[PDB]
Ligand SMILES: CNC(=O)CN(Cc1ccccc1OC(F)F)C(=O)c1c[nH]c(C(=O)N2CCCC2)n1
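Read the single chain below, which is given as structure tokens and is the form deposited without this ligand.
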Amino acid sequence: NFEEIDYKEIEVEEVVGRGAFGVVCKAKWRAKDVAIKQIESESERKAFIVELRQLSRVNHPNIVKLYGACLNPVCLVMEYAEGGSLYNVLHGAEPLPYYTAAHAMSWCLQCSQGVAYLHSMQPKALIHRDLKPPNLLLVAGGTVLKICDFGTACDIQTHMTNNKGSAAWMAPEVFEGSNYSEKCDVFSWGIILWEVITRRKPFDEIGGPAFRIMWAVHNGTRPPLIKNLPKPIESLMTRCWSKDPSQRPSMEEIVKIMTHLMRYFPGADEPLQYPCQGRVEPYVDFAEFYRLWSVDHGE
């Protein structure tokens, strides 16, 4: 039951916490713990209010619950779920969990399953618009991934002006024209796949303010190829990055390809438990994938 909430019913706890600072706050409403995401500019408010119905229909195991929305001030009220942002699991403070290729592929598959649900909704698709590890949450000992924030429709001017911190994942057609489409979420997904496999921050070698990243990828820069990555994976990855959005897979294609490939990645249900000690080397290890692949096909 998605509701139209009165802001008076909200008691805000702290502005500092796990979510996007200055957009997302942890608060309480009714008796429940919630996350309040304020919708900032007028362009974003217009696009957000129009799609409240679709949001009220969202229900999926890889998306946090959405309790409702407020219309003054415009904001989305969602479930505050316990866990760690995928960003901090990957790149956070130095005592970090160890994870395997199976986990990497399982997280990306789950991401695609939630986004495919979004894209397939009828009559009108819901486009996520801002897929990135800060907006994904790991729960159940790091084995289940959930989308915990939704993107907004930002005007062209704003990309170089109000760093929302999405530059490394932003499709070039979003930078130049704010052409949010299914293919923009697919581009972000391809970047995230590179990021979890290498455990590296995309476009980290580009200093300057955030917008230098968006100019780099708009000029065609991409993350480096990954040493010894399975060619089915590399093909999916680089097709996702394409400048031409039509040359990019759909989210349903991605779900099916990745579901297939999970047969070569057993053990994704093992909880995270241990700490851990040109082209780029992968963080994860594909040796088991190659062995299992040959068991299926020979050399």
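Note that residue numbering follows the sequence shown and begins at 1. Only the largest set of C-alpha atoms that superpose within 1.5 Å between the two forms is called the rigid core.
Unshown form deposited with this ligand bound; subsequent notes refer to it.
Blocked site. This ligand, superposed from its pose in the deposited complex, has 3 or more atoms within 2.4 Å of backbone or C-beta atoms of the chain shown. The stretch from 101-109, 224-232, 80-88, 211-219 that comes within 4.5 Å of this ligand in the deposited complex, counting heavy atoms only, is 80-88. In the deposited complex, this ligand sits beyond 4.5 Å of every heavy atom of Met251. Contact check for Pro172: every heavy atom lies farther than 4.5 Å from this ligand in the deposited complex.
Interface residue remark: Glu195 is not counted as part of the site for this ligand in the deposited complex, having no heavy atom within 4.5 Å. Under a 4.5 angstroms non-hydrogen atom cutoff, this ligand in the deposited complex has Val64 among its neighbouring residues. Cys148 is the sole member of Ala167, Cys148, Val186, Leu145 with a non-hydrogen atom within 4.5 Å of this ligand in the deposited complex. Applying a 4.5 Å heavy atom cutoff to this ligand in the deposited complex picks out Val24, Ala35 from 23-38, in order along the sequence. Here the rigid core is superposed between this form and the one not shown, and of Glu234, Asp269, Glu51, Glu252 the C-alpha of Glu51 is the only one to shift by 2 Å or more. The Cα shift for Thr100 between this form and the one not shown, taken after rigid core superposition, is smaller than 2 angstroms. Here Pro73 counts as shifted, since its C-alpha moves by at least 2 Å between this form and the one not shown after the core is aligned. Annotation: Cα of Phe175 displaced by less than 2 Å between this form and the one not shown, core superposition. Contraction of the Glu51-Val144 CA spacing by 3 Å or more is recorded in the deposited complex, set against this form.
Compared with the form shown here, the C-alpha atoms of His128 and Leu71 sit at least 3 Å farther apart in the deposited complex.
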